[PDB]
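Scroll down for the structure; my scribbles are underneath it.
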Amino acid sequence: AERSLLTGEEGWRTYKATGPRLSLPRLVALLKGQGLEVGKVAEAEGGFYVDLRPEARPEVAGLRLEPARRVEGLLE
RNA sequence: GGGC
């Protein structure tokens with residue numbers, strides 16, 4: 001009863017990540033460093049969308065994270 | 001499906 005906005009797959013919640021010196025590998029490193037499991041990541045004009053577990057409550061210093069309402073500005 |  002909870003699906004990724006990037007994939008369709010159940011068990012994910014899509015977040016928008018923004019911040020300075022952002023890049024895919026660094027983003028993935030910061031998250032996994034907090035012991036979070038990381039699903040699909042996709043780059044957008046204003047940052048990255050990243051899938052996380054719905055029960056996870058992610059706090060990562062240096063980044064702003066918020067549940068994505070709409071997915072927009074994907075580089076594709 | 002990815003480790004500054």
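Labeling convention for the structure tokens: chains A, B, ... as they appear, residues from 1 per chain, ligands from 1 in order of appearance.
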Compile the contact shell of residue 2 (chain B) as a CSV table (one decimal) with N, CA and C atoms, in the first residue's frame: residues with an atom at most 10 Å away, counting only C-alpha atoms (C1' of nucleotides), same-chain residues fewer than 3 positions apart removed.
```csv
chain,number,residue,atom,x,y,z
A,24,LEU,N,25.5,11.7,-7.8
A,24,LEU,CA,24.9,10.4,-7.5
A,24,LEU,C,25.7,9.6,-6.5
A,25,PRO,N,27.0,9.4,-6.9
A,25,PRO,CA,27.8,8.6,-5.9
A,25,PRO,C,27.8,9.1,-4.5
A,26,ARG,N,28.0,10.4,-4.4
A,26,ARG,CA,28.1,11.0,-3.1
A,26,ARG,C,26.8,10.9,-2.3
A,27,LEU,N,25.7,11.1,-3.0
A,27,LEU,CA,24.4,11.0,-2.5
A,27,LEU,C,24.2,9.6,-1.9
A,28,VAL,N,24.6,8.6,-2.7
A,28,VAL,CA,24.4,7.2,-2.3
A,28,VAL,C,25.3,6.9,-1.1
A,29,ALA,N,26.5,7.5,-1.1
A,29,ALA,CA,27.4,7.3,0.0
A,29,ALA,C,26.9,7.8,1.3
A,38,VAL,N,19.0,1.9,-0.3
A,38,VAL,CA,18.7,2.9,-1.3
A,38,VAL,C,18.2,2.3,-2.6
A,39,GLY,N,17.0,2.7,-3.1
A,39,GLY,CA,16.5,2.1,-4.3
A,39,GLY,C,16.9,2.8,-5.5
A,40,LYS,N,15.9,3.0,-6.4
A,40,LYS,CA,16.2,3.8,-7.6
A,40,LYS,C,16.5,5.2,-7.3
A,41,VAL,N,17.6,5.7,-7.9
A,41,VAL,CA,18.0,7.1,-7.9
A,41,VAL,C,17.9,7.7,-9.3
```
*Output as number ranges by chain all residues of region 34-66 of chain A that backbone DSSP marks as strand (DSSP E).*
A: 38-44, 47-52, 64-66
Keeping only C-alpha atoms, write those residues as a CSV table (one decimal), in the first residue's frame.
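Below you can see part_19.csv, which holds the result:
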```
chain,number,residue,atom,x,y,z
A,38,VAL,CA,18.7,2.9,-1.3
A,39,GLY,CA,16.5,2.1,-4.3
A,40,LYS,CA,16.2,3.8,-7.6
A,41,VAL,CA,18.0,7.1,-7.9
A,42,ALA,CA,17.2,9.6,-10.7
A,43,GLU,CA,18.8,12.9,-11.5
A,44,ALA,CA,16.6,16.0,-12.0
A,47,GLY,CA,18.7,17.7,-7.6
A,48,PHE,CA,18.0,14.0,-7.3
A,49,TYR,CA,15.0,11.9,-6.6
A,50,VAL,CA,15.9,8.8,-4.5
A,51,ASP,CA,13.8,5.9,-3.2
A,52,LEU,CA,14.0,5.0,0.4
A,64,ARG,CA,17.7,18.4,2.6
A,65,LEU,CA,15.3,15.5,2.2
A,66,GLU,CA,11.5,15.7,1.7
```
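Interatomic distance, CA of residue 36 (chain A) to CA of residue 8 (chain A): 20.1 Å.
Residues surrounding residue 57 (chain A) within 12 Å are residues 13, 15, 31, 34, 35, 36, 37, 65, 66 and 67 of chain A [only C-alpha atoms (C1' of nucleotides); sequence separation below 6 positions excluded].
When only C-alpha atoms (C1' of nucleotides) are used to compute distances to chain B, the closest of the residues A:76, A:54, A:45, A:21 turns out to be A:21.
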